[PDB]
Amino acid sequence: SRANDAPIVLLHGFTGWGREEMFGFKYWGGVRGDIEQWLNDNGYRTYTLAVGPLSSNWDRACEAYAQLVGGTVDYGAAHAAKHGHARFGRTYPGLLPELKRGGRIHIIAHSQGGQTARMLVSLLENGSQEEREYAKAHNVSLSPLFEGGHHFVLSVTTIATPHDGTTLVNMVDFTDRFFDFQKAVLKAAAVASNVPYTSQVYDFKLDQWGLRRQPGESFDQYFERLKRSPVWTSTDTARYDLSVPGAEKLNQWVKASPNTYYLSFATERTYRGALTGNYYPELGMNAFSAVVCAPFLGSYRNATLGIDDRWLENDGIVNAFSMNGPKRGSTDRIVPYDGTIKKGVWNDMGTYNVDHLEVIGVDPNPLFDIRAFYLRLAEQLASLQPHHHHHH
């Protein structure tokens, strides 16, 4: 039964856009419909965040914070100095002023959004020692995001999240492939990548880096310009955080909070070949992944990096082994779901037979009851007890 009234906030991965972008084709729902609307219609108050798809998780967390409570994004003076981008970014009105008033939220996150969600919780609770020390030593102001002490997040749910990275980043032509993925997602929205649309269509929100699509420029052209830009070549990027070493580095500091419930869902869309031990894409997997990414993910081994046979099963973009929670470089505890959702640990909800884009409706799958999936999840989050209790 309903034990809390916290609203749900949806958070995308290294692809994703606001509700008004992409001509109204939703990242959360895609060709299937509008997940936020379904949840709202069913009595579960739900909102959606839109942050930089290619930006580092740090940048995304700072963007998510401002978007939630309102104000100007503040990446931190120490962080900005370190990486060479603007300290202040876009200004937001704030989706949920209730937060500065003792309210809490449930975050449902897909792909890299699960890293961002985890990071946000960490900053909200503990702040950043490094930013605190820099502000004192340099006499600069400090965002509350870096002071700690907030209590805004009741739970975090991740879907198809590369908690331990994805080996997709290891492809020799990953740079070109990754942008082709962006192009494949545009195509699912019926948007061409060789047309210089005058409307925005898809904002990568690279305000901090000073990058934006220019007049007369197609997405193909823009992407060629981003591949050579700091959001692709620096360590302050989605690209780095998505890698196995980058994810490991993130796990070293982004820990599960004992005040928050964590739920993890894995996805897989492959079969094992009996002769090679490799994994192959199943019928129905999105075409781009089936041809360009799945074959690699299902066969790439690297002993020195610690990529073994456990990593071969995949959803076409992320290795399933990486999804149940952070493990590499992490102290977090992961427990298989046994009927009780516990606070401060990863509740492994299992593996679902869907692909990376099917789980959010971007790619069709008439056998996947997506409406039921999200409604069941919503009822579960609504049933979570704030401060529960011990018994026989």
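In case it trips you up, residue 1 is the first one in the sequence shown, and so on.
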Exercise for the section: Could you check the entry and say whether 272-280 or 219-227 has the higher mean CA B-factor? Expected result: 272-280
Practice task
Decide which of the stretches 26-34 and 340-348 has the higher mean C-alpha B-factor, going by the entry.
Solution key: 340-348
Practice task
Between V362, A50, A66, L367, let me know which has the highest C-alpha B-factor in the entry?
Solution key: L367
Fill in the blank from the handout: Of the residues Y92, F265, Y75, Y134, the one whose Cα carries the largest B-factor in the deposited record is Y134
Exercise for the section: Check where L377 lands among this chain's C-alpha B-factors and tell me if it's the lowest, middle or highest third. Expected result: middle
Practice task
Consider only the C-alpha atoms of the modelled residues in this chain, order them by B-factor as the entry records it, and name the third containing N353: lowest, middle or highest.
Solution key: highest
Exercise for the section: Can you work out whether the C-alpha temperature factor of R310 puts it in the lowest, middle or highest third of the chain? Expected result: highest
Handout entry: Chain thirds of CA B-factor: placement of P245
Key = middle
Problem - Position of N42 among the chain's modelled residues by C-alpha B-factor, lowest, middle or highest third - result: highest
